[PDB]
Amino acid sequence: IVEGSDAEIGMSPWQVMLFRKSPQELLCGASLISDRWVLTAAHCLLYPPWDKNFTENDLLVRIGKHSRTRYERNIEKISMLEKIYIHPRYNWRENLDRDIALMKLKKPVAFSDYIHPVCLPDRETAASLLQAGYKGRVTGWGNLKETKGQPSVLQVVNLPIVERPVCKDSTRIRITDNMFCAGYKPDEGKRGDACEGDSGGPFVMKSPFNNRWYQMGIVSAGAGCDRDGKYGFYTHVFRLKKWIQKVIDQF
Amino acid sequence: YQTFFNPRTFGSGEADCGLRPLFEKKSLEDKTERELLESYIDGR
Ligand SMILES: *C[C@@](*)(O)[C@H](CCCNC(N)=[NH2+])NC(=O)[C@@H]1CCCN1C(=O)[C@H](N)Cc1ccccc1
Ligand SMILES: *[C@@H]1O[C@H](CO)[C@@H](O)[C@H](O)[C@H]1NC(C)=O
Ligand SMILES: [Zn+2]
Ligand SMILES: [Zn+2]
């Protein structure tokens with residue numbers, strides 16, 4: 001998260017940290033959508049070029065963690081993974097189309113004031129909130145700049161959704177309908193972007209209909225971080241909800 | 001909220017979703033929340 005600010009305690013109780021067991025190593029962001037299911041970026045678990053092809057017991061996860069160096073008691077939780085599910089049509093060779101993945105906790109987590117699930121959008125909410133100009137929120141423990149290095153506290157930043165024509169023109173990558181970009185334009189006087197390490201992290205919007213937070217996207221890609229005329233790319237969660245469904249009923 | 005998932009497959013919370021205990025639950029707005037709200041009010 002570049003040009004963002006520290007997160008208030010409990011402002012993102014669905015924040016999940018994807019850890020690598022040996023060696024201990026922070027890999028990506030992730031989100032809690034249930035007491036047993038966690039959402040993240042497919043390239044966080046599978047990306048051959050970077051020697052990434054993790055399995056259930058290679059990784060572990062942490063929930064409700066507030067700082068990155070001190071273990072916080074009966075606040076944070078450490079859960080193992082029972083299974084991993086990557087979208088069968090995830091295109092890691094080309095444009096990261098369908099950069100999404102699901103993880104089932106080996107043992108459900110108890111909700112608390114620091115740990116709760118984020119909502120997944122429905123037809124109405126999706127079409128109602130995913131509109132250029134509207135601002136969403138991205139969170140993460142990733143780099144503060146292009147490599148301070150990384151934060152000791154969860155970072156947050158609100159960014160506006162950008163119109164497809166503009167996103168398409170900003171990158172030489174084949175943009176698909178399964179993704180959207182967000183960020184300020186050089187003429188808006190405001191900065192902020194996700195960055196390396198933030199992948200898997202959620203892009204959430206607050207619904208005025210019921211006062212609840214909905215995860216509209218997943219941090220997926222970008223070129224550099226917070227560079228003028230550039231935008232971060234996020235997996236469009238709703239267009240892939242049928243798949244999330246199949247995977248979950250199937251499990 | 002209304003449901004998509006089946007509790008036995010999915011777990012709990014498709015229904016305790018999206019409501020922060022330290023914010024919405026206590027009727028407290030977070031420090032930057034309003035920015036999102038205000039973005040829903042077009043270019044007023
Ligand atoms: C794996 C994540 O941590 C990271 C998130 C980047 C977010 N950046 C911004 N500015 N919001 N993702 C990546 O680094 C992905 C993985 C594959 C390479 N990559 C990129 O974003 C490249 N820099 C660009 C790209 C390459 C191939 C396909 C799509 C995009
Ligand atoms: C993941 O590693 C397994 C071997 O353990 C391999 O069969 C599978 O093809 C890998 N996935 C790839 C490289 O896309
Ligand atoms: Zn704490
Ligand atoms: Zn802001």
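Throughout, protein chains are lettered first and strands after them, A, B, ... in sequence-line order, and every chain is numbered starting at 1. Remember, it's 1-based here, ligands and their atoms both numbered in the order they're listed. Both backbone and side-chain heavy atoms feed into the values below; hydrogens, waters and symmetry mates do not.
The N, O or S atom of A:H66 with the smallest distance to the Zn ion (ligand 3) is ND1. Closest N/O/S atom of B:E35 to the Zn ion (ligand 4): OE1.
In this structure, the protein non-hydrogen atom closest to atom 14 (O) of ligand 2 is A:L46 CD1, 3.8 Å. The protein heavy atom nearest to atom 2 (O) of ligand 2 is A:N53 ND2, 2.4 Å.
Not a single N/O/S atom of A:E76, whether from backbone or side chain, sits less than 2.8 Å from the Zn ion (ligand 3).
Checking atom 11 (N) of ligand 2 against the protein gives a heavy-atom contact under 4.0 Å.
Taking CZ of A:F54 as the reference point, atom CD1 of A:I86 lies at 11.0 Å (rounded to 0.5 Å).
An N or O contact shorter than 3.5 Å is missing between A:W92 and ligand 2 by distance.
Nearest heavy atom pair, residue A:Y85 against residue A:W243, reads O-CH2, 3.6 Å.
Aromatic pair B:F10/B:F4: ring centres not closer than 6.0 Å.
Side-chain atoms of B:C17 and B:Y1, non-hydrogen and from C-beta on, do get closer than 4.5 Å to each other.
Ring geometry for A:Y47 versus A:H43: interplanar angle over 60°, hence perpendicular rather than tilted (30 to 60°). Under the 30°/60° scheme for interplanar angles, the aromatic rings of B:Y40 and A:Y134 are found to stand perpendicular.
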